[PDB]
Amino acid sequence: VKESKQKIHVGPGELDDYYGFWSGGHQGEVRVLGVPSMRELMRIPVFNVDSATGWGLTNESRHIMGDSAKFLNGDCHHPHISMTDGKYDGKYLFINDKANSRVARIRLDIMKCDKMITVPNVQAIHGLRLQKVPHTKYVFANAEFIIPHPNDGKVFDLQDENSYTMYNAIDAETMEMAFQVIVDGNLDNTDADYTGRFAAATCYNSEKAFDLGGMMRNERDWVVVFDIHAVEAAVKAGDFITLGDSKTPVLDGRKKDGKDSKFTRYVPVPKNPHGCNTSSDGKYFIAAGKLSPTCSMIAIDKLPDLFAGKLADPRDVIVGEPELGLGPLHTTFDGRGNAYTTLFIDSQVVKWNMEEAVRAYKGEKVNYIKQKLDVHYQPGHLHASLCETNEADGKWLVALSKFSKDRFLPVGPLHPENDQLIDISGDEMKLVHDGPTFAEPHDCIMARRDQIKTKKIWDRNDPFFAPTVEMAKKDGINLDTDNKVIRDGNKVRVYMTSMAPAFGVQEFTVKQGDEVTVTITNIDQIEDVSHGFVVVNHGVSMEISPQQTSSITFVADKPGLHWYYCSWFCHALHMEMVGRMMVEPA
Amino acid sequence: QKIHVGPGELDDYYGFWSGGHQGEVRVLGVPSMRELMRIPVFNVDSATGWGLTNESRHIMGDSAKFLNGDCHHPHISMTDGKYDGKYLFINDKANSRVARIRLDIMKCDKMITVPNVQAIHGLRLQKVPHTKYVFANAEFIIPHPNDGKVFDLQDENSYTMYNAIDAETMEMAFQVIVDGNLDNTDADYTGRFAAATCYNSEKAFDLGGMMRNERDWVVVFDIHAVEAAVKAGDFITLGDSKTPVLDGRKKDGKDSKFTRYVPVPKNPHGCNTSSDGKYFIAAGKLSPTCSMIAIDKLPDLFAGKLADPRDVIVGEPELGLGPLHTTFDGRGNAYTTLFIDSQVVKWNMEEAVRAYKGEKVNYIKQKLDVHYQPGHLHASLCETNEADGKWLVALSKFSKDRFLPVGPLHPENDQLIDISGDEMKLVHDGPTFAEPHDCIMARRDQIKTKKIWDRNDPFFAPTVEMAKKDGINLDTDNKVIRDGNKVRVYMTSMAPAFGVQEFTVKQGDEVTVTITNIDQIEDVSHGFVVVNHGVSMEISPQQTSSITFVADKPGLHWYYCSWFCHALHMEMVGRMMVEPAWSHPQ
Ligand code: CUZ
Ligand code: CUZ
Ligand code: CUA
Ligand code: CUA
Ligand SMILES: [Ca+2]
Ligand SMILES: [Ca+2]
Ligand SMILES: [Cl-]
Ligand SMILES: [Cl-]
Ligand SMILES: [Cl-]
Ligand SMILES: [K+]
Ligand SMILES: [K+]
Ligand code: NA
Ligand code: NA
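Throughout, a per-chain count from 1 in the order the sequence is written supplies the residue numbers; the entry may number residues differently, and those without coordinates are omitted. The naming scheme follows written order: chains are lettered A onward, ligands numbered 1 onward. Hydrogen atoms and water are omitted, and side-chain values are computed over all heavy atoms in the structure.

- In terms of determination method and resolution, the entry is listed under X-ray crystallography at 1.601 Å.

Here we look at the sheet that holds strand β21 (residues 313-315) of chain B
Residues and elements named next belong to chain B.
Phase 1 of the analysis: Spatial ordering of the open sheet is given by β18-β19-β20-β21, a layout of four strands whose pairing is antiparallel. The open sheet has two free edges, formed respectively by β18 (271-273) and β21, since each of these has just one partner strand. The sheet shows a mean angle of 35° between the axes of neighbouring strands, direction not considered.
Phase 2 of the analysis: Here five bridges tie strand β19 (residues 279-283) to strand β20 (residues 290-294), and the two strands are oriented antiparallel to one another. Looking at the pairing, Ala-282 lines up with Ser-291 of β20. Only when DSSP finds a minimum of two bridges between them are two strands counted as paired. Secondary structure counts use DSSP, requiring at least four H or I residues in a row for a helix and at least two E residues in a row for a strand, with both numbered from the N terminus. As a rule, the C-alpha atoms of each element are fitted with a line to give its axis, helices using only the stretch in contact, and angles between N-to-C directions run from 0 to 180 degrees.

Digging into the UniProt feature "binding site: Cu cation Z2" in chain B
Residues and elements named next belong to chain B.
Phase 1 of the analysis: UniProt positions are given in the numbering used here, feature names are shortened, and annotations may be inferred rather than shown by experiment. The sites that UniProt annotates as "binding site: Cu cation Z2" are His-72 and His-121. Of the residues just listed, which span 50 residues, no C-alpha pair is farther apart than 7.2 Å, and they cluster in one region.
Phase 2 of the analysis: For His-72, the location among the structural elements is in the loop between α1 (54-60) and β4 (75-79).
Phase 3 of the analysis: Given a relative accessible area of 3%, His-72 falls into the buried group. When a residue's accessible area, from a 1.4 Å probe over protein chains only, is under 20% of the maximum for its type it is buried; when over 50% it is exposed; and in between it is partly exposed.

A look at the pattern of salt bridges
Phase 1 of the analysis: Whenever a carboxyl oxygen of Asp or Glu lies within 4 Å of a side-chain nitrogen of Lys or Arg, that contact is scored as a salt bridge. Taken as a whole, this structure holds 83 salt bridges over all chains when the rule is applied.
Phase 2 of the analysis: With a closest N to O distance of 2.8 Å, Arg192(B) and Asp222(B) form a salt bridge. A residue pair is termed long-range when its members are at least 10 positions apart, and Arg192(B) in the loop between β13 (185-187) and β14 (193-198) and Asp222(B) in strand β15 (residues 216-222) qualify at 30 residues.
Phase 3 of the analysis: For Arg192(B), a relative accessible area of 22% puts it in the partly exposed group.
Phase 4 of the analysis: By relative accessible area, which is 6% here, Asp222(B) ends up buried.
Phase 5 of the analysis: Connected through salt bridges with shared partners, the residues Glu29(A), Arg31(A), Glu40(A), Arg43(A), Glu24(B), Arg26(B), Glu35(B) and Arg38(B) form a single ionic network.

Some words on the site of ligand 2
Phase 1 of the analysis: Every residue close to ligand 2 is listed here: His72(B), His73(B), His121(B), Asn184(B), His269(B), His325(B), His376(B) and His437(B).
Phase 2 of the analysis: For this scheme, ten residues count as nonpolar: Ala, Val, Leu, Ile, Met, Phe, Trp, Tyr, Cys and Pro. Four count as charged, namely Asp, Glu, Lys and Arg, and the remainder, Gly too, count as polar. Here the shell around ligand 2 is composed, by residue class, of no nonpolar, eight polar and no charged. Only heavy atoms are used to decide nearness, and a residue is near a molecule or strand if one of them lies within 4 Å of it.

A word on helix α5 (residues 354-361) of chain A
Phase 1 of the analysis: Listed in full, the buried residues belonging to α5(A) are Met354(A), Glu356(A), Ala357(A) and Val358(A).
Phase 2 of the analysis: Downstream of α5(A) by a residue or two, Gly363(A) has a phi angle that is positive, lying close to 100°.

Side note on the site of ligand 1
Phase 1 of the analysis: Near ligand 1 the following residues occur: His77(A), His78(A), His126(A), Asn189(A), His274(A), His330(A), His381(A) and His442(A).
Phase 2 of the analysis: Grouping the constituent residues of the shell around ligand 1 by class yields no nonpolar, eight polar and no charged.

Looking at empty space enclosed by the protein
Phase 1 of the analysis: A cavity here means a set of 1 Å grid points, computed over protein atoms only, where a 1.4 Å probe fits but cannot escape. A pocket is an open set with protein on both sides within 12 Å along at least 5 of 7 lines, and lining residues have an atom within 4 Å of a point. Grid points are joined across faces, edges and corners, and a volume is the space filled by probe spheres set on the points. The tally for this structure, following the rule as stated, stands at 17 cavities of 30 Å³ or more.
Phase 2 of the analysis: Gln27(A), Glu29(A), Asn48(A), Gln22(B) and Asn43(B) are the residues nearest the centre of the largest cavity, which is lined by 18 residues in total.
Phase 3 of the analysis: Classifying every residue of the lining of the largest cavity by side-chain character gives six nonpolar, six polar and six charged.

Points about the pairing of strand β37 (residues 531-535) of chain A
Residue and element names in this part refer to chain A.
Phase 1 of the analysis: A large share of β37 lies buried, amounting to five of its five residues.
Phase 2 of the analysis: Across the two faces of β37 the burial is the same, with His-531, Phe-533 and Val-535 and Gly-532 and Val-534 all buried.
Phase 3 of the analysis: Here five bridges tie β37 to strand β38 (residues 540-544), and the two strands are oriented antiparallel to one another. Bridge pairing in β38 places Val-534 opposite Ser-541.
Phase 4 of the analysis: Linking two consecutive strands that pair antiparallel, namely β37 and β38, is a turn of four residues; a positive phi of about 65° is found at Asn-537 within it.
Phase 5 of the analysis: Looking at chain direction, β37 and strand β40 (residues 560-565) are connected through two bridges and run antiparallel.

Here's what the structure looks like:
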């Protein structure tokens, strides 16, 4: 007998116990919450354009985004923290972009997106998870949609032999592509084991159809399992192809005339399975059945035998398939032997014992279902604290539901999502908080307070703005001290320091049509004294936090006097922290 | 007073938070302080497609080219000095705009760029007999014309103007040229008078210059006199704008018919009408005081019956360091933020008024420490004669240690204070992104929202007229219209299927996709994303939405529904097929 009775109120002056990193869904950002208060502490722009910080407007951010800076949107579902020996190391957060086919990396010491990649020769990055062991060497990412190769407009048929999608591995540290694996069917969600050898992904479109009925035709789709050791061996030996103008090694993981690839095995699983979740004891890949009212449990310790050809049937790695309820979508773990699964249709979270499900599969009469909790309403992902690590602590559970209906004040035709906090510390789940959120977070991830270490002020050598420091070097500029205007034909480069309540350059004059770059170094050393920079009626806006250098480029297309001001309230004389751009007529 | 809203309980008040330089409006429930909705206004919203869709860009006009805004001052329309819940208005200081939000659909439905001005900062609404005018301050002095010949702020044609917008039409009504500049503004409870603070009476551009005078002033506007001069045709126009412009400057020491200038120390900031209608209260900022202007003495001031503009001042209580803003409990007490001392001071207005007559009396009742450096503050219904004295939000600019570390950029701290009793009680610390400046609360029963769209809503009526030219009936048609190098796709949607699931175009075609969500069930919203084309929008039940993009890439391109709407949501998808340009003319 142990009861669920954790404190939920975080009063003035008290601090949260966990960080929560919420995906922003089709709003495109990442949100940092405090747990258990469920208050949003910070927003990290990633695929959105952020008016406040200038992400998407500044030269530093557009350099990280590359050519994809032309997009103003993203759709990000699956945030994950890098690991060392199967435990969070607090270094990086990665997330997908389903809308423009990207993966982004966030540095958790500065809480900024510091790298972004457009995955080549695919459409729509959905599923994303990280290698756990020995550490996060690879980010694994699913491309969801089957497309022609090449996609040059000659062939549109998804049944053609060169229409397919690929599993993607990105080098976590360099954020360059490592390899791609062609698969049969498509790819939904993915997870990795606790050794580094295996990863797995659900497939819902084994039919390679484009219509709803066609995509639901097969009694079973599959989870495809990847022998990452085998893939690495083939890349190391150089036997791969490349596609288009991308140098990424491409390996063929499709079945050929019934014959298995070295790189993959296809484990039949009902039906349009969705979630793909590694148990924290590392025993199971658990696929949520969605259209089937089940989960399927793949025994990871049978996968070597499967790939060695020792097993008569790929279904032999299935060791449990418990019946849970209508519309299972995702599963998480308390570290105590229980799994917790969302039932989208029944609108519940079901708590069940994994080892008892395995014994039921053998035909033992044993009830593995422990409890069903109503949630509100239609849950998608759920996440228990540290569930993606061998330190899963069984304390907090968030169920992220898609219809809030009557749970909050009405706010028009568009409704918030309902992310509900559930106490799982004891024998019974207890619903303790309804958290409304914008734009459909899909998944979230929690970390202990002590697993995240952040900078209080920027380092002057930070790679985030090192290209800008390089530009300054070519102009002979010492960013820490200089207040100067460089003139270069019709280009103008303003460099200034800033120190509340004054910009270091408070007026400058240019010619109508000049392309103006303004670089600002915040030389305040007091924590929290951020500055801003807005040029009135020019669409220019950006953050400069303590010891940061930030820069932005715009064309002075309007003759006359044009004011600029500090947007970050920074001092009693904030309103007076202004300057003038004077534009001489053409 | 209930502080906590548990699962299944609803908040008692709506809160409408400004987003500051993040550019949106945020809808909170009070007292839980949870964010229920985001309403994009000057920001580009990836989730709903605000700034990408044709409906939103139509409302933004040419200013749709800007991806940023800086909004500070949200206010709710009134009838006879009470909220009527029809509209919310807000400023854009970055690109000189005013936006209107329709509170039944919680969307921005109108936007205006204020002509011949730079930086719309202060904004407030006429109270009586209703909100006929939106009053808005242009903060920065500029030359007229601003054509690059003259830059001097001391030129006789360099000035700023006070701005009145017709609330219902969202067209300019008039502009009043003023001496000095403009900061914040409020209106009386008769409709005759508005008032604004000025901090740059010096017409300087440097910090020392702007602080030189011991007093600036609050300028008072006789709206009756302005309206009468407009009716009589007694006005000019500036540049290409037909807005009536009136001259409220002093000339050679003689007052305008339209304005009186009340000397007030010192770089004063907040300008707040007491809920009993007695006072304009200006916060002294650099002077440790507030100055109370007796509204019932203004008739005598404009009739030349007073010896000295100071004679309308009837109190100037000393409150503490850095008074910024004042609000009201409706019980005769005022509450003022002290930015420097980092407190809210509660004081009794009538006792301050007799202390100004020399009657020694302690008008200060309590000082509450806030965390840290408060800017605006807001008591529930403070802007109406229904000011109820229950809740107070102080919106602070430095959160320092009050929340978990999240890197060099910190959240703001908006603190909920119980003022229902004699003693202010700090109950909740609410972290927020991007610097909310002001917020406004409304009782739950003052806001009436629509659960699904009306098919004749003006928000998308232009789109309906477009469809009519094509013979479309949006409620039923699934058609692809071709028109040269334009393609107009019209479809219905109903979970989990798009009404048009594939279409074919030529490379280079300009494609418009119009979607009408014909689901009738509340909260069943759909989305639309074209992979790798930067296209994303919301379509909520009974809404029509449209978006335009170029099919610049040959081949098959998937589109999908971004709003989780159904168990088969992963499968609500379609295909755009783009025929290569080398197979088509040119
Ligand atoms: Cu993209 S899917 Cu269950 Cu993760 Cu939401
Ligand atoms: Cu724009 S100022 Cu006190 Cu309102 Cu923040
Ligand atoms: Cu710098 Cu406010
Ligand atoms: Cu329509 Cu999900
Ligand atoms: Ca299938
Ligand atoms: Ca002054
Ligand atoms: Cl998953
Ligand atoms: Cl238990
Ligand atoms: Cl104010
Ligand atoms: K939703
Ligand atoms: K701040
Ligand atoms: Na990159
Ligand atoms: Na307009």
